[PDB]
């Protein structure tokens, strides 16, 4: 098992479609970290999300999307209004989310609670 797993960037809406089709084949959820590079809490959360991703290696794939870099159509799929927003998707749709803007460890514990409900 790795100690940290890097989040995979989502390129566009078509990539999200392929990601969700792959997740459906495996009967697994996915996590998407919707972030911005100017957002201090997003940046500080990254290493802690990568350690959490390693805990779920082979069980849940973790992705990220930079809301200023990706196409607007992809951001609309997420229905994002604040960053960081950590969403759990399963069966082709967003099932639940966590909004950051707190200390990173505490965001992770809330994300873990969300994961445990749906995995």
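Numbering follows the first chain given and starts at 1.
Could you check the entry and say whether 31 to 39 or 51 to 59 has the higher mean CA B-factor? Mean C-alpha B-factor is greater for 51 to 59.
Taking only the CA atoms, which stretch has the higher mean B-factor in the record, 5 to 13 or 105 to 113? Mean B over CA atoms: larger for 5 to 13.
Looking at 45, 65, 73, 83, which has the highest Cα B-factor in the entry? The listed residue with the largest C-alpha B-factor is 73.
When the deposited Cα B-factors of this chain's modelled residues are ordered and cut into thirds, is residue 94 in the lowest, the middle or the highest one? Its C-alpha B-factor belongs to the middle third of this chain's values.
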